[PDB]
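First the structure, then my questions, so here it is.
Just so it is clear, A, B, C, D and E label the chains in written order, and each chain counts residues from 1 on its own.
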Amino acid sequence: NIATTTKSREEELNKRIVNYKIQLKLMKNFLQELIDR
Amino acid sequence: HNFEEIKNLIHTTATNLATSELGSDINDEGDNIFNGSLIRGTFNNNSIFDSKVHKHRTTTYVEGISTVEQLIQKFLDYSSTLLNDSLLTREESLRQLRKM
Amino acid sequence: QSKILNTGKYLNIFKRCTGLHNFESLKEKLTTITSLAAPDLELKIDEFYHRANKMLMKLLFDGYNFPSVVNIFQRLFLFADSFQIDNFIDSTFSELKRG
Amino acid sequence: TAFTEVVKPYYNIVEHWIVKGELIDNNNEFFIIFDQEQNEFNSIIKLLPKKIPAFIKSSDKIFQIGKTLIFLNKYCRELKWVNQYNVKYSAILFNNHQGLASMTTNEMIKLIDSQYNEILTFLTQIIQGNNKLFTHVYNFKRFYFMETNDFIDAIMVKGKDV
Amino acid sequence: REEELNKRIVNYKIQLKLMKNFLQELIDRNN
């Protein structure tokens, strides 16, 4: 089994995913502003 | 509670830079190595050591923030902490908060 | 690669912000990379990157007053001073609750 | 006459290994090699006692000089002093003399001895200096070997339910 | 279990890279 540690593993992964969801959506909004012109 | 850390760090960095001159002088020797340093060819076998080592160990924020990349990273981590701690990151917590 | 790219970008930001055409006013002594086969290429890149960070950091903190921008963002966004937003809600309470 | 130019490349390999601490020979023609498959520093580099030439001297010191150089300039990342050392001893191999070939055995041994003393002096000044090896070994003994019994009593009383 | 989160992380890495490549393509063509 994977070692347990004081730092929350799933919390770190979840925060990474949320930060990757902000970058994606901001990039999509920028591309929409770029394409429509 | 999270903002106290950033406030302390930024105050320390401001005090550190206040006493620091602008522009740094870089000196070098005559570098007579020539053929003792060229190492021409495909490459050396020392490339393996660069990959073997790891640089994931950086902490203690000594002497405040020293690189703009850490300056941005600190605030990104702070914002991620604010979102995660609040009841908006999980689906169960967000659904219960919305109902309440 | 990251160090080279970021050193160049940071110097470009400094020049475009403070308006300097080149860093003559600072009158600093600099050493250029003598050759691609030199042994101190990594050291030279590290030194240049540290110089660029030093300049851009001092610009942001001392010149652009970033520390106060952090408190301003705290106040405006997270209500570290809630008096003004409380007045705002009180003044437009009837409107905000409408569809 | 032919042996001088035939042996010069071997001395160039030794020069690169001694001064900067890097391995040049892609083919198996040197008494120092690497092991990419290994996963620990002390055993990635190994010596080949069978391939040590007769005309080389203080080989067991060359190996240590090169290993400590690799360790310093790739793990501790102390590039400043490594560069200063490189300049200092290149000014002896290539300016005072014309390379390892143009050096009598007595002077070559003396040069290697000086490099060895300097390198181990700096290795001590880092490892037992800035790193404080003894303090961390003491802390290892303090925590792993149960010495600070109060801390462990606190852990057990606090975690008696967890 | 966390394998699934890692898989989604890498999927979003690829999607972000694709979006950036789309930006570069669009800018190159407009120039």
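Here is the rule we use: contacts are C-beta pairs under 8 Å (C-beta built on N, C-alpha and C of every residue); 3 or more make two chains touch, one makes a residue touch a chain.
Summarising the inter-chain layout, the chain whose CA centre lies farthest from the centre of chain B is D. By number of C-beta pairs in contact, A-E leads when C-D and A-E are compared. Chain centres defined as mean CA positions place B nearest to the mean of all protein CA atoms. When you average the Cα atoms of each chain and compare centres, the chain farthest from chain E turns out to be D. Put simply, the C-alpha centre of chain A and that of chain E have 12 angstrom between them.
Chain D and chain E have centres, each the mean of its CA atoms, that are 43 Å apart. Centre to centre, using the average C-alpha position, chain A and chain C are separated by 24 Å.
Each chain gets one centre point, the mean of its Cα atoms, and the points for chain A and chain B are 19 Å apart. Chain contacts: chain C has residues 39-40 touching two or more partner chains. Residue positions of chain D touching 2 or more other chains, listed in rising order: 20, 86. Within chain E, contacts with two or more other chains are made by no residue at all. Contact between chains, using the touch rule, shows up for A-B, A-E, B-C, B-D, C-D. Taken together, the chain E residues at the contact with chain A in this complex read 2, 5-6, 8-9, 12-13, 15-16, 19-20, 22-23, 26. Across the complex, chain C meets chain B through its residues 6, 10, 23, 26-31, 34, 37-40, 44, 47-48, 50-51, 53-58, 60-62, 66-67, 70, 74, 78. Taken together, the chain B residues at the contact with chain D in this complex read 29-37, 39, 41-42, 44-46, 48-50, 52-53.
The residues of chain D lying in touch with chain C in their complex are 20, 79-80, 83, 86. On chain D, the positions that touch chain B within their shared complex are 12, 15-16, 19-20, 22-24, 26, 34, 36, 39, 41, 44, 70, 74-75, 84, 86-87, 90-91, 93-95.
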